[PDB]
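Residue numbering begins at 1 within each chain, and the chains themselves are lettered A, B, C, D, E, F, G and H in the order written.
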Amino acid sequence: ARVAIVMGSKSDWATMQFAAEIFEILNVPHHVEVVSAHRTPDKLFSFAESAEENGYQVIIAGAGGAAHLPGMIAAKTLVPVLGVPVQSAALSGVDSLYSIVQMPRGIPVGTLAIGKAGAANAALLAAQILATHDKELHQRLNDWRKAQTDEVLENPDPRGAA
Amino acid sequence: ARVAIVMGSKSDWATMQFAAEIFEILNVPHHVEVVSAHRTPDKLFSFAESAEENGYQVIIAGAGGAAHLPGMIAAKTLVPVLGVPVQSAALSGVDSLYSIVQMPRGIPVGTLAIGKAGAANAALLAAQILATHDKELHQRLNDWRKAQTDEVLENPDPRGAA
Amino acid sequence: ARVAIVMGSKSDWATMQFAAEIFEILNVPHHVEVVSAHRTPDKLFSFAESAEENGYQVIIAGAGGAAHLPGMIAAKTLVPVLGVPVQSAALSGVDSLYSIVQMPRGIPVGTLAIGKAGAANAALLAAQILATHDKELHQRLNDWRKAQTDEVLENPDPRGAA
Amino acid sequence: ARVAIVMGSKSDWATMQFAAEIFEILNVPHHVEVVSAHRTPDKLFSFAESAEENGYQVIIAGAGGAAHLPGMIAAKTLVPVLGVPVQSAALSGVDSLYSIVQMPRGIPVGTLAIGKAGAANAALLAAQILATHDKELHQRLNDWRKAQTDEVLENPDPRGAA
Amino acid sequence: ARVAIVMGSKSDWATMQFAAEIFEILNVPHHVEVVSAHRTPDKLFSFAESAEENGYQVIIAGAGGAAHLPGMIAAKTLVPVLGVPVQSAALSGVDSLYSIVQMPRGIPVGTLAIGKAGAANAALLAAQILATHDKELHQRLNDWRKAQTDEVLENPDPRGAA
Amino acid sequence: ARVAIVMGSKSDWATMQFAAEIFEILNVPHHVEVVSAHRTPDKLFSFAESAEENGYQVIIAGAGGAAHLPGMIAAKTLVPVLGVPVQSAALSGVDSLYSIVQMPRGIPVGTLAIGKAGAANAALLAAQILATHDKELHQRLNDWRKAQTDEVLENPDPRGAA
Amino acid sequence: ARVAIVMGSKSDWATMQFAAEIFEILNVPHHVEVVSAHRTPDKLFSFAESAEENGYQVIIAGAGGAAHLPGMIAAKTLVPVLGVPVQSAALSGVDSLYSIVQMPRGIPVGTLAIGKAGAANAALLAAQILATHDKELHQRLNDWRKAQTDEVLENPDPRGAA
Amino acid sequence: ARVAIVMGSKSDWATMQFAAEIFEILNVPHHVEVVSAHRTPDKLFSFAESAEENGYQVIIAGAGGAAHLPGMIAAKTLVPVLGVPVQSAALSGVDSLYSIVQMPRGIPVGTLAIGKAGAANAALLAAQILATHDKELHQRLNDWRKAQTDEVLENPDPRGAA
């Protein structure tokens, strides 16, 4: 597996399952793990330190509220980190988004949309990255995009059949 | 020193100097250090792990933007952590505030106002905490508050002298 | 009891019960009372004035909307005040958060997350403060944190059993 | 004087001077005082308790950030309170506005615009209230409004003279 | 009737009924009418022009979204106008609040909280205004406030009976 | 003139001059006038009522803060109204934008960007509308757009000459 | 058909159906199509390029989140474009609104309210535009507006019958 | 060059120069071009269509306000796109951020911080991606990060020399 999907809590799985779905569709081997900067800080450090050796080329990290997980991983590895802001209850993911995207100069995290759209798109982006060097994966992405496009094109009128 | 003041960058000093000022006024010994979760992650872990042994009873941490520093310290010590959101340029500290205050259940950070007001108030709160067991410090806080109150009371009319 | 939990309305109890829960778990004696700056202003003043004599070393105060209760207590005692922003209907606690955290220089309130996460974390922070001088309580916090960490570590994969 | 203008700090005078200006224009006797819920809580209570006896029929209160002053006065008198949110630095008065307008059922504060527009309009509203029973003041307001209207009507084209 | 309650739509009644409730409780005669600046502009002008002659001393106006009704009434009468921001669906009354409170210098509207709290408080404020010259109404407000206070004081503990 | 540019205050001219500029460039005859819903309500009604007879086919209206002008014109004429939110000081035109765009069903206002970009674009949109039936104007818009495009295309590299 | 209604997804139809409703009421022939800048970019370009030839004089475009559809159409035709921000889940259409209204100088989109109110108002505005040159349509709009006004006027009291 | 830096306007260069700086530091060959979805739509399509053939493995795109450029490129190529929100005047890049990050499922853009921090971090992320397969570049990133870390570690005390 060349991609790891991690998240701050098991309660984030309802969101992050949409990243894993994309990888099943595109036949991308992936790791899935609950890793919390706040509740499991030492495992976070260990996970981030061993990511390259473990063969990860992209890491997708999701968290809600004061969403530190993606940034703290990015601080401890040169493996590209993609951040998914989970939709929090009070602030509807604005807290998650700001906590993730607003990284200082030197430690980037590529941030996707709040919520399930973002989880899916994080997997698609990870796939696009891997596809630069994986021609079979490149073809499969190409095919999947064409399928999305064609479905829309085949159904131009949203109204009831008549 | 029973209090440590730390911050994510030397550029935060313009703000965090107002915390140190309060400690000079109240004669509270304190440590001051640049500690970054993002740029110096290992030192953050070491600092947090050794805080109790080093004699710290309150930690004041300030950072801007994706402000992870206070929360990451709080994840690694039981010493109370107080967070100061530094006023960021684009988002005027809303990013800092959300990144600090919105901690998940289990790892608290007591958050103060955005900016220099918050830095001062973090020192005052740290002092109030210490004062529960330090009667001389308690008296000095009491005296300082009375001085603030009396100044306002002595100057009820904001208009020009006439 | 060395901690008081107060709130602006009985309707805040749905939130503030999560602070009291933490104290039951950690065996921390505590007081619970509805105290409103707006509806019971004189009792607020009396409560704040008598807090030290009554043996309180931390006060946790929660309120929604124009959330003045924590700050008004803090104006009238040197006992540390922790503020919990209750999640209001229209503004989802942004009004509560701003009303609490944005205190002027001289009168601090250590603010926690909007909602039930914040109520819990306020109790945990109060506990961390008390634990500086209460070794048995310190051990119990330590044990509780390890239990949270270990649960996450013991359940790394959020997916269905297979 | 049937109106009192109060504010949380002398630094608020730059804003609240625009309320006093309106009263000078309309020849309305008024009191001006720095009264802080946070720095002078006891004077706040005394001021609010004695407002009716002192002859006040409207109170205009201004404050910035965690702006508790108007609401705390309103909690302690039946004299109508009008609130002016001062434009704070970080949050540009959104904190002031929310802290003032979002009062719970039972204790109203009539809130005006953030900043100097609001200070002026608070005085005008206070004047409109008083004018219900003061025919000479009613005429003077009427005349002042006509003067504003006529100035605009007399200058329909904003372009340079030609 | 010395107070009129108006609103932009019949759909606002769910909110504005809480203003009328207060007047029933305090025995304040009042008028209730749907008046829209957008859908009935001419009636708005007629209503505002005839308000003084019709005996109104306070007008309470409520509207949602682009909430122009209160301000447009205030532009056309010297009778004090109080504005109630109705909680809109998308923006949860932030649009309503801004549209109402942010009036330019010369034309004030005293704004209350978003939603049903605001509707009630608008009636209470209108009552406080009228009470300056209506001693029987003043007593009734005083009694009602004491009843609210006493209820809270009589029920200090929010927990289940035991 | 088939287009009128109006604004709530002469202070809005700094912004609305960018609409007039576009009309000078495209040789579109236009009217310019300060018309305020708040300060000149009767003239607003008269202006809106006579717009069709006066030959206006688009009206561009700009205002800041509680920006009622565009919507109140739209309530009183079937001539299409385009709204320009002026950038207010405290809220940076969010108040202006919400006050303009959030119109209820039945009375539309086509809203453009906050500030000078919006003023220009309002004139361009008005021009596009008129161009549907004015072939010479259509050509001139076409030419102006090509000029903008070509300038960008002719300068692909933003770096210093070397 | 002189108006086209397009939208980024079939899921937007729940909103955009309220635009089509207005056209049915006013007997305005219209086209309806799902056109996505993101999922069908080439069809977007083709649609925009052929709009004038196809007889469209107004285009109404709706989309949610990162709502690029209206602006990308406007970049590729001189036919006036009206934008409808669909109410997104996390951000309640603030993302949609900003993505649509905040167009740079040169490429306007006339933006309506978030959600179903906006969809209706976009159709009404399109109709007002067309009505400048379509006297029968002008009469029908006039009649429809009078019907809305009269309904409100005929039902001034929102209370229960008695 | 395996990376292209593009932006909506020459006025964005003040921001995007910080991306190019990182590439100069790390000796990464790169292309720089003004490409606008709004002002040069056809060139955008051509650029995106030819990106893979032209040898680009990452594209960094920056734009302000209604920031469509990154997303429209991402719609037309499988080459990973990274988005930089430029800090707009009115909304301080919140419009830019929302327009970029909130992409629907299927078309991702990895978004970085508002402003110059984001531009730098976009280049660093692009570099991290390329470094997965470029060992010399990997070493250079590693060295650069160590240099940043060491500088902070070498300067722990922000206070004046004494």
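Keep in mind that, in the parts below, contacts are C-beta pairs under 8 Å (C-beta built on N, C-alpha and C of every residue); 3 or more make two chains touch, one makes a residue touch a chain.
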item: Of B-H and C-D, pair with higher C-beta contact tally; value: C-D
item: Chain pair repeating A-C, as identified from B-H, A-H or G-H when over half of the contact pairs by residue number coincide; value: B-H
item: Between chain F and chain C, distance of the C-alpha-averaged centres to the nearest whole Å; value: 51
item: Length of the line joining the C-alpha centres of chain E and chain F, rounded to whole Å; value: 34
item: Centre-to-centre distance between chain G and chain C (centres being mean Cα positions), rounded to whole Å; value: 48
item: Gap in Å, rounded to a whole number, between the CA centres of chain G and chain D; value: 42
item: For chain E, residues that touch 2 or more chains besides their own; value: 9, 39, 65-66, 91-92, 94, 101-104, 106-107, 113-114, 117, 148
item: Residues of chain H touching chain B in the complex; value: 87, 92-94, 113-115, 117, 148-149, 152-153, 155-159
item: Contact set on chain H toward chain A in their complex; value: 18, 57, 78-80, 82, 97, 101-114, 116-117, 120-122, 124-125, 128-129, 131-133, 138, 141-142, 145, 148
item: Residue ranges of chain B touching chain A (in the complex, touch as defined); value: 8-9, 37-39, 41, 45, 64-66, 68, 71-72, 74-76, 88, 91, 94-95, 98-104, 106-107
item: Contact footprint of chain E on chain C as seen in their complex; value: 7, 9-10, 12-13, 16, 32-36, 39-40, 43, 65-66, 89-92
